[PDB]
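In structure tokens, one chain follows: the form deposited in one PDB entry.
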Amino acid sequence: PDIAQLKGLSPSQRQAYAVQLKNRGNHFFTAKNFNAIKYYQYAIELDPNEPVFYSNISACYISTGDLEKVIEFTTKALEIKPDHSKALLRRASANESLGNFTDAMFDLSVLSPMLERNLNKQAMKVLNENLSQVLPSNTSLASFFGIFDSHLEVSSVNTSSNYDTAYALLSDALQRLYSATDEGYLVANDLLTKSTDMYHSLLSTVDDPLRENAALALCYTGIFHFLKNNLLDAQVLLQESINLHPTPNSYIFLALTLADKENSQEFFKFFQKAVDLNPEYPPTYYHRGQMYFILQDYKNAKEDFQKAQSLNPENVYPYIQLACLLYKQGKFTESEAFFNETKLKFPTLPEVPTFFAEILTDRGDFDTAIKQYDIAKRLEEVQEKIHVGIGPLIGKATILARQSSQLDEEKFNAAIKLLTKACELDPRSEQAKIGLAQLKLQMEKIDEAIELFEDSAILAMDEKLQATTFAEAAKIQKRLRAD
């Protein structure tokens, strides 16, 4: 066509030509002769108000891989008709290819596995852009150290070296650790790292007391790395500790660091070595029992927990585990009786009603579970040191949130209040943050939710990605509602 002469025909005749030129373009597109584009341009010169011509041009650029031209032409289609289905999906498809996942998800949302694919791509892009010196929550630290005999651990620092200038700092580190307080863990973490650095220097005139104190510093600085999820850092120090002076703790800790869902043969051989070094050490049996428990080997778990109990009968944790095993074995009555007998011995410890409340919740006795968590919270408030920390708040808030919308606005507000308090009392709890974030999102407090989801991701690899995913999904909802 000479478009010169066509443009000077009538409006019926000029449009008629558009339908005719468009159709010629379509013939070529079907014949994989995309350079189609020329005929559509011709059509545009006669009818620039037709979004089909721009949308068709963009289908050609999809076919030849010009992703930037796809965006330009689908955009032109969409500026005429913002709800054009093919333009929206083509533009989302090209944006995904260019790595503009939020733009893709936006158009896919307006259009309505594709959404989910781009969400994942966005979460990994953001996780990779973003990404430890950060401890787990004080609640989780108190639980981890609950089995150990503080006095024994603090007194295991040797005061008799002629060269050791770090032992007093090491002693303060352990003192702080076993105070089981928010300040205690932060100070322990600081001073263990400092003691280890001093020990590396000292090791380089050395004597055996200094070697054993170094092994002790290395052993705890190692488990702190494990707790921070720096597994290689942990293994390096634990191995150094073993190379200096083998101890049951260093074997327990190295086993935890190298634990393997596939083969648990190595885990159990470390524990045999720990047993050999000291067959009269309660935490060895307790931790091995924990692993048999996790592997659902209840007979062997019971044996080990009974051994831990028989070596340190003043520690509440072996009793609790034994009661939990009864419940898992299919014996609630006997479990409840064991918890009650344990509550008689340890009437001030919140560990007993907190673990029992978890069993009640599993049974669906939510009202009794909440009463147990109420008691646990009061017992916890009265103690100087952390026992169960924010566990009861999270426990009760989770029940109340699920009961509220299964809206009971009083239970839902109560849950918010509980999780808000939990977040303030234990700022490094990702559990508390994510819990609160989901409720904020239900209330359409999107900005608040996003901040909580993002903090949780800082705090939490698959966990970091899950939190990042919640945050990125919420940012898209925010963008949609903004327009």
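All residue numbers are counted from 1 along the displayed sequence. Under this definition, the rigid core comprises the largest set of C-alpha atoms superposing within 1.5 Å between the forms.
Engineer: For at least a third of the other PDB entries compared, is residue 103 missing from the model even though its neighbours are present?
Structural biologist: In none of the comparable entries (those modelling both sides of it) is residue 103 left without coordinates.
Engineer: For residue 49, record whether it is unmodelled in at least a third of the other compared entries of this protein.
Structural biologist: Across the compared entries, residue 49 is modelled every time.
Engineer: Our gap detector needs a label for residue 460 to residue 461. Which class matches the unmodelled residues of the deposited sequence there: none, 1 to 3, 4 to 9, or 10 or more?
Structural biologist: Count of unmodelled residues in between: 1 to 3.
Engineer: Quick check on the record: how many residues from the deposited sequence are absent from the model between residue 131 and residue 132 (none, 1 to 3, 4 to 9, 10 or more)?
Structural biologist: According to the record, 4 to 9 deposited residues lack coordinates from residue 131 to residue 132.
Engineer: Mean Cα B factor from the PDB record: higher for 146-154, or higher for 113-121?
Structural biologist: Between 113-121 and 146-154, it is 113-121 that shows the higher mean C-alpha B-factor.
Engineer: Could you check which stretch, 397-405 or 68-76, carries the larger mean CA temperature factor in the entry?
Structural biologist: Higher of the two, by average CA B-factor, is 397-405.
Engineer: Among 276, 240, 374, 380, single out the one with the highest C-alpha B factor in the record, please.
Structural biologist: In this record, 276 carries the highest C-alpha B-factor of the candidates.
Engineer: Give the position of residue 104 by CA B-factor within its chain, expressed as the lowest, middle or highest third.
Structural biologist: Residue 104: CA B-factor falls in the middle third of its chain.
Engineer: Quick one: classify residue 426 as lowest, middle or highest third of the chain based on its Cα B-factor.
Structural biologist: Answer is middle: the recorded C-alpha B-factor places it there.
Engineer: Based on the deposited C-alpha B factors for this chain, I'd like to know if residue 432 is in the lowest, middle or highest third.
Structural biologist: Middle third.
Engineer: Relative to the other modelled residues in the chain, which third contains the C-alpha temperature factor of residue 467: lowest, middle or highest?
Structural biologist: CA B-factor rank for residue 467: highest third.
Engineer: Of the three thirds of its chain by CA temperature factor, lowest, middle or highest, which one includes residue 221?
Structural biologist: Its C-alpha B-factor, which the entry lists for residue 221, ranks in the lowest third among residues of this chain.
Another form exists, deposited in another entry; not displayed. Remarks below refer to it.
Engineer: With the two forms superposed on the core, which of 301, 234, 349, 119 shows a CA shift of 2 angstroms or more between this form and the one not shown?
Structural biologist: By this measure, the answer is 119.
Engineer: Rigid core superposed, CA of residue 314 - does it shift 2 Å or more between this form and the one not shown?
Structural biologist: No, because once the rigid core is superposed, the C-alpha of residue 314 moves less than 2 Å between this form and the one not shown.
Engineer: After core superposition, I'd like to know whether residue 81 moves between this form and the one not shown (criterion: C-alpha shift of 2 angstroms or more).
Structural biologist: Yes, because once the rigid core is superposed, the C-alpha of residue 81 moves 2 Å or more between this form and the one not shown.
Engineer: Rigid core fitted, then: does residue 100 show a CA shift of 2 angstroms or greater between this form and the one not shown?
Structural biologist: Residue 100: C-alpha displaced by 2 Å or more between this form and the one not shown.
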